[PDB]
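Visitor: the data below comprise the sequence and an experimental structure of the protein.
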Amino acid sequence: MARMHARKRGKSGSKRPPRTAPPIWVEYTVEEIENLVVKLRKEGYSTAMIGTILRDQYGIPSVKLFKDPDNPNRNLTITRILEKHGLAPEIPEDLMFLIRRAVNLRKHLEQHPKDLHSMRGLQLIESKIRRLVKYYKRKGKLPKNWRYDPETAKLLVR
Amino acid sequence: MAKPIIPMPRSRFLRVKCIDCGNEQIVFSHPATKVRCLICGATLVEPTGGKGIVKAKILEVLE
Amino acid sequence: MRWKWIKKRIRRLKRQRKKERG
Amino acid sequence: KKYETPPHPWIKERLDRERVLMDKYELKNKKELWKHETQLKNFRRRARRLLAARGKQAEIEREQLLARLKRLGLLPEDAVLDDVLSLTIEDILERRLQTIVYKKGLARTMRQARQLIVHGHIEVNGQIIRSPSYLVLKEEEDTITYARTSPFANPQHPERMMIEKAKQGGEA
Amino acid sequence: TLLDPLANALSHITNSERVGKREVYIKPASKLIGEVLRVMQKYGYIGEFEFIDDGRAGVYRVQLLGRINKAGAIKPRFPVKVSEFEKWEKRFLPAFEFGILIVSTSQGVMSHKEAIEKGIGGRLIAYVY
Amino acid sequence: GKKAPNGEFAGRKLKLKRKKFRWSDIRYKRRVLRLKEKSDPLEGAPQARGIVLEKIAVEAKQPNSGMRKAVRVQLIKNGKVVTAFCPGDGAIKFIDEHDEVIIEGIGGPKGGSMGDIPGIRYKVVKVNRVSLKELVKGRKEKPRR
RNA sequence: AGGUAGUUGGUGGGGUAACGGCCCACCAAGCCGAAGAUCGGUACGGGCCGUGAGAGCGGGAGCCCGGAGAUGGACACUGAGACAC
RNA sequence: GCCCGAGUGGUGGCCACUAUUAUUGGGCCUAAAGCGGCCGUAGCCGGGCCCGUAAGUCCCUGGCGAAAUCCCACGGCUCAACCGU
RNA sequence: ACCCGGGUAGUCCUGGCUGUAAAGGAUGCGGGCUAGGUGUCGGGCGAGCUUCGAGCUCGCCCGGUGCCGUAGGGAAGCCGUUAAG
RNA sequence: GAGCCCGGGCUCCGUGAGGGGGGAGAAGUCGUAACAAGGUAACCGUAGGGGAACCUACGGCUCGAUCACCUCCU
RNA sequence: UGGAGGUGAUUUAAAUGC
């Protein structure tokens, strides 16, 4: 359940709906759902938060269950709805949010350098990126010619 | 909980009927965020801990 | 004890290391 | 080699058994006892290992080790590799030349017997023998006798008298 | 993480056993465990099980008769020839009687005794007795 | 995990582990190098002849006092000074200075002089190629030169 | 703990019974290394052997099998064959 | 008086005992022994479900790992060692 | 020397080096499984109270932090859902 | 194309004044360090000083002290 | 009933013995 990583503390036990086919007391068409998604990605919100607002407002807990089957290759869900349109960021949001944050740290340290702890999370966030990079290369969202560095983090954000 | 005897969240669904426009919205008993009415611009619920605290009197049918 | 020994070892080392340095 | 001595040689319980055995069969040295223990050990060891393995391995191996024990006579008409392990150092010692000479009534007593075969006063088959160890088969039992001997070339050797006063065979 | 999910099933199942609960719950679930419980049931060691496949995971609720003493996976999971069986026979099992050294095989999965009757072998998976 | 990697391909780690940890047996290390064979003269051997430089008597150990009979002998090819413990009561007598004296060890080659004697690693068997236990008994042979 | 300069490879050639950097002319800059190379120690290698319930550990003796040597070190003839107890 | 017996004992070496080298089959709070803590490279180790290959893996056949030594049988030498089949 | 009266380095700040400890819980990390009780910290939930603020309390749950203790382990002390099972 | 030689460098074997330590011998001397709060608790890393055991400073730890005084916990 | 801290602490009691 847990993983105490850079911690000793058991992780949240947040858990999914054990629903495997979707509510029908809730009702939306493949067309209506697709609109809602596109509207929200147009705002500047991102896929986790897109799935969040749809849940809280339109009452759809996860997209996969509602959508698929409509092309049963795999489950149809937010960003796989986005890529077919061309609205997808070529960097996975995972890797993006990560790097995004990271560049902010550096600026703090820039002005403030006497910071143990703040220094120590720079080291703790990079090394999650590294990993997240490493595997993607092999999966293929990021070319094999790339390698990660703090000038090649300040170029991707700008 | 019931993690080895099938974990099911605490959740449910409830039909909320707006008091300012009569607009019928489906709402997750736990609002994580501010849910906005789609034909008033109002706030139905506000996100605090556990179950979103419902702002004032808004009608409710419990599913 | 280990006080003893540490300084004895240190003195041995120094004095001898003095004799090597010289 | 051809001997064994258990991990601890001076142990009382091991030594008692022997000395009682030593008079019983009238050995000359302990080594002799040992010969039969160590011989017994090998049959057991093998009998056991064969029964254990997968039943498809050429059964000939079993047959062969049951054949010899039958022929030698230790095993009578029993069919299990488990009876073999039910032998003891006494049974082997019953099978010797020495033992079998006293038994049939060719000798007064086993101590006497030790004299006879050495000087060639016991014939087996057509041959004489010098080694009282000699393993005597079942088929081989019927062919112990006198012919060119000091016990039987006449009927007035006191030798004949010495064997007659007793007349008792049996386990030695 | 986990690895050897089977093993973490089995090990519960036994420590489950040793207490003398009534039935078990194994949160991670699978073919390996599924299949193994299947073969286990086939020999009879266990009573009945239901797995419920939740969108999360398979879970096995298992009924405990009382039979099982000890049943464990193999660590590097060694390959074992059908000639070497007897060695691995004497070691792991408690005696000639029991015969569920559960191996994995060309034919499928079997115990030790069901393996020997066919005549086929391979890498070890787990044990049961 | 109780130490060891267990895994099909790992073995090499195993294979080096053992060997790494073997060298904590002094005895094993010592032989596999050959420190037993280099140090405590002999060049390893069962025994060694040597010329009796003199006769010396030394003291006994801690609960003890008694004059042990010891020789000083020089091994001839070894060319090393060895002080040595002589078996028997009278003995020191039958050994003339500058007779040949063959020498052995006594009671584990480890270094261990027997409990009484401090130093003495070794034993003497012989005076002019006839031994000491033969010279404790009067009849058997008696010494020359 | 870094080593390597006929050194790794390429082209063409010599020599040899013959392939081959074996040797050599020209061209290239490789080749090998922490899955431990290089260097240092020690040591003929194998069949076996000793021991040990087994797993294992130690060992290369007669004998057989294969290689190396003949006071140390180099060198050719003569012969199918030797660089020749 | 006990042992063993043409042997018996001394020194030395190796193996066993020694799960005191832990694969089988060891530990590591206080007995020896956790790195003061983290990161991630090399390595080892890996949730479920379907399909291909069959590299490992198992099964069968086939080429082959000299003789000797070993183990078992029978046969030979008075017996066995030893040798022959 | 313990006790008392003076006293430099240092103790403070900034930049750098140095890298040690009974740096302890003398207890490497990760996952799963295995009676319980109680106190406590923070988060959730159903109520009663209310000063209308989770302020005062009851119980289930999640994360952490102590103590006591069943089965088991341990040589024993002890450990025992914060394992040394 | 060997052995052979020559000049230098590097390494190894036989052997040497002198020099270091160990396990000891326990009848000389100095002291009381630790083990009892050892009579100033003890250890610990670091630094200085003392003939010695050792003392002191600073930080840590209890494998820490004996009541007393105060505080919590089944 | 058994466990953990925080600080008074007591100098009126002397070194050694194979």
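Guide: Received the coordinates, thanks. Residues are numbered from 1 along each chain as shown, chains lettered A, B, ... in the order given.
Visitor: would you map the strands across chain D?
Guide: With DSSP state E as the criterion, chain D has strands at D:123-124, D:127-128, D:144-145.
Visitor: please apply the same query to chain A.
Guide: With DSSP E, there are no strands along chain A.
Visitor: quick one, longest helix in it?
Guide: Ranked by residue count and defined by DSSP state H, the top helix of chain A is helix A:116-139.
Visitor: ditto for chain E
Guide: For chain E, the helix that runs over the most residues, judged by DSSP H, is helix E:5-19.
Visitor: neighbouring strands of the following helix or strand past that helix in the sheet, and parallel or not?
Guide: Elements were assigned by DSSP states H and E; along the chain past helix E:5-19, the next helix or strand is strand E:23-26. Taking DSSP bridges as the criterion, strand E:23-26 forms sheet pairs with strand E:58-63 (antiparallel).
Visitor: could you confirm whether whatever helix or strand comes next after the partner strand reaches RNA strand H?
Guide: Scanning forward in sequence from strand E:58-63, with DSSP H and E defining helices and strands, the next element found is strand E:79-80. Yes: counting by Cβ under 7 Å from any atom of the strand, RNA strand H has neighbours in strand E:79-80: E:79-80. In short, each C-beta sits where N, CA and C put it, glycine included.
Visitor: follow-up on the earlier one: now for the longest helix of chain A, which elements pack on it?
Guide: Contacts of helix A:116-139 with other secondary structure elements, assessed using 3 or more Cβ pairs under 8 Å, 6 or more residues apart in numbering or on different chains; DSSP states H and E, are made with helix A:93-111.
Visitor: contacts for the helix it packs on, please.
Guide: Contacts made with helix A:93-111 from outside it, assessed by Cβ atoms under 8 Å, 6 or more residues apart in numbering or on different chains, are listed as A:46-48, A:79, A:89, A:91, A:115, A:118-119, A:121-122, A:125-126, A:128-129, A:132-133, A:136, A:141-142, A:150, A:153-154, A:156-157.
Visitor: run the last query once more with 7 Å
Guide: Contacts of helix A:93-111 with the rest of the structure, by Cβ atoms under 7 Å, 6 or more residues apart in numbering or on different chains, involve A:46-47, A:89, A:115, A:118-119, A:121-122, A:125-126, A:128-129, A:132-133, A:136, A:150, A:153-154, A:156-157.
Visitor: list buried members of these by neighbour count.
Guide: Of the members of the contacts of helix A:93-111, the ones counted as buried by neighbours, 16 or more other Cβ atoms under 10 Å in any protein chain shown, are A:46-47, A:122, A:126, A:129, A:132-133, A:136, A:153.
Visitor: these also near RNA strand J: which ones?
Guide: The residues of the buried ones among the contacts of helix A:93-111 that also fall near RNA strand J, by Cβ under 7 Å from any atom of the strand, amount to none at all.
Visitor: give me the three-state assignment for the one residue in chain B that gets nearest to RNA strand I.
Guide: Ranked by Cβ to the nearest atom of the strand, the top residue of chain B for proximity to RNA strand I is residue B:50, at 2.2 Å. Here residue B:50 is coil, with the state taken from DSSP: H, G, I helix; E, B strand; the rest coil.
Visitor: who's in contact with the nearest residue to it once chain neighbours are set aside?
Guide: When the adjacent residues along the chain are set aside, residue B:50 lies closest to residue B:30, with 6.8 Å between them (Cβ to Cβ, 6 or more residues apart in numbering or on different chains). Contacts of residue B:30 were listed using Cβ under 7 Å, 6+ apart, and they are B:11, B:50-52.
Visitor: what does stretch E:106-123 rub up against?
Guide: So stretch E:106-123 is in contact with E:35, E:39, E:43, E:77-82, E:85, E:89, E:99-105, going by Cβ under 7 Å, 6+ apart.
Visitor: could you see whether RNA strand I lies near stretch E:1-9?
Guide: Yes: using Cβ under 7 Å from any atom of the strand, stretch E:1-9 comes into contact with RNA strand I via E:1-3, E:8.
Visitor: related to what we said a few turns ago, looking at the buried ones among the contacts of helix A:93-111, which is nearest RNA strand J?
Guide: Relative to RNA strand J, the closest of those is residue A:122; by Cβ to the nearest atom of the strand it sits at 29.0 Å.
Visitor: distance of that closest one relative to residue A:128?
Guide: 11 Å (Cβ to Cβ, to the nearest Å).
Visitor: same thing with residue B:6?
Guide: Shown here: residue B:6 relative to residue A:128, a distance of 32 Å by Cβ to Cβ.
Visitor: now the farthest one out in the chain, which residue is it?
Guide: No chain was given, so I picked chain A. Ranking residues of chain A by C-alpha distance from their mean position (Cα atoms, centre = their mean) puts residue A:114 at the top, at 32.4 Å.
Visitor: should've been chain D
Guide: For chain D, the C-alpha farthest from the mean C-alpha position belongs to residue D:56; by Cα atoms, centre = their mean, that distance is 34.2 Å.
Visitor: quick check: residues of chain E near RNA strand H?
Guide: Counting by Cβ under 7 Å from any atom of the strand, the residues of chain E lying close to RNA strand H are E:1-5, E:28-32, E:34, E:58, E:75-77, E:79-83, E:91, E:105-106, E:119-123.
Visitor: list only those of those residues flagged as buried.
Guide: Applying a neighbour-count criterion of 16+ other Cβ under 10 Å, the buried members of the residues of chain E next to RNA strand H are E:5, E:28-30, E:32, E:34, E:58, E:77, E:80, E:82, E:105, E:121-122.
Visitor: which residue, neighbours along the chain excluded, lies closest to the closest residue to RNA strand J within chain B?
Guide: Here chain B gets closest to RNA strand J at one residue, residue B:1, 27.2 Å apart by Cβ to the nearest atom of the strand. Setting aside the residues directly before and after it, residue B:1 is nearest to residue B:7 in space (Cβ to Cβ, 6+ apart), at 5.5 Å.
Visitor: what do you get for residue E:22?
Guide: For residue E:22, the spatially nearest residue (Cβ to Cβ, 6+ apart) is residue E:64, at 6.4 Å.
Visitor: okay, now that neighbour: neighbour count?
Guide: Residue neighbour count, defined by other Cβ atoms under 10 Å in any protein chain shown, stands at 18 for residue E:64.
Visitor: what sits against residue B:60?
Guide: B:14, B:16.
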